[PDB]
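Engineer: So I've got this experimental structure, pasted below with the sequence.
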Amino acid sequence: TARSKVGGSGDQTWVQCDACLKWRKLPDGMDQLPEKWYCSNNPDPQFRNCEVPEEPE
Ligand SMILES: [Zn+2]
């Protein structure tokens, strides 16, 4: 199952891309974590390519 973490402040879960290992803010409204998750899965088009730098926090 795709790896997730909760940010230290507690306001945001992040999911790790199984290809590039960057952490992406978890898309809202997901019914489940998939077996593998990639930037390419992101409903947010700004964080859909592994080359996009990882957001802070
Ligand atoms: Zn990626």
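Structural biologist: Yes, it's here. Numbering: from 1, shown residues only.

Engineer: ends of stretch 5-16, how far apart?
Structural biologist: Distance between the two ends of stretch 5-16: 8 Å, counting by C-alpha to C-alpha, to the nearest Å.

Engineer: Next to the ion, which bits of the chain? Give me the list.
Structural biologist: For the chain, the residues in contact with the ion (C-beta under 5 Å from the ion) are 17, 19, 20, 39, 50. Where you see a C-beta, it was placed from the backbone N, CA and C, and this is true even at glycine.

Engineer: Of the residues you listed, grab the buried ones for ChimeraX.
Structural biologist: In ChimeraX, a selection of the buried entries from the residues of the chain next to the ion looks like this (16 or more other C-beta atoms under 10 Å):
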select :17,39
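
Engineer: mind listing what's buried in stretch 35-43?
Structural biologist: For stretch 35-43, a neighbour-count test (16+ other C-beta under 10 Å) marks 37, 38, 39, 41, 42 as buried.

Engineer: How far does that stretch sit from its chain's centre?
Structural biologist: Centre-to-centre, stretch 35-43 and its host chain are 7 Å apart (C-alpha atoms, centre = their mean, to the nearest Å).

Engineer: need the contact list for the residue of the chain most remote from its centre.
Structural biologist: The C-alpha centroid of the chain is most remote from residue 9, which lies 16.7 Å away (C-alpha atoms, centre = their mean). Applying C-beta atoms under 8 Å, 6 or more residues apart in numbering to residue 9 gives the contacts residue 57.

Engineer: swap in residue 3?
Structural biologist: By C-beta under 8 Å, 6+ apart, the neighbours of residue 3 are 15, 16, 18.

Engineer: pretty sure residue 46 is touching residue 53, no?
Structural biologist: No: taking contacts as C-beta atoms under 8 Å, residue 46 lies outside contact range of residue 53: 10.7 Å.

Engineer: before we move on, back to that, between the contacts of residue 3, which has the most around it?
Structural biologist: Neighbours here mean other C-beta atoms under 10 Å. Within these, the largest count is held by residue 15, at 23 neighbours.

Engineer: Which parts of stretch 24-38 count as buried, going by neighbours?
Structural biologist: By 16+ other C-beta under 10 Å, the buried positions in stretch 24-38 come out as 24, 25, 26, 37, 38.
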